[PDB]
């Protein structure tokens, strides 16, 4: 699982997710990566999200869309929505992983409940930030 989210100069949001699945996977099993609203979602009016983790839990919890709906309908900020999904709801179903998100206001979040998540972000015309481990 790899992914990208972006907000362009025109205010467009976009998300993309790509994966090889998981080591020793049986044939024809599908996780969250190719599923709209589970592993990948974008709407100019809310957020762009790409996910990575226990596929079945990201599907059951519709993780990517749940970020948008918690913000849109629940009035949560991006930070609050990410905390709710990644640190509460995913573990509640036995689910490990993380996600990257940008909202329409340019807030960026890279929540994960795992030992690490390969990640990076940067604003245009700024130095990028990278990370592997927690805090």
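Numbering follows the first chain given and starts at 1.
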Mean temperature factor over C-alpha atoms, higher-scoring stretch between 108 to 116 and 15 to 23: 108 to 116
Higher-B stretch (mean Cα B-factor, as the entry records it), 81 to 89 or 95 to 103: 81 to 89
CA B-factor ranking of residue 132, expressed as a third of its chain: highest
Position of residue 34 among the chain's modelled residues by C-alpha B-factor, lowest, middle or highest third: lowest
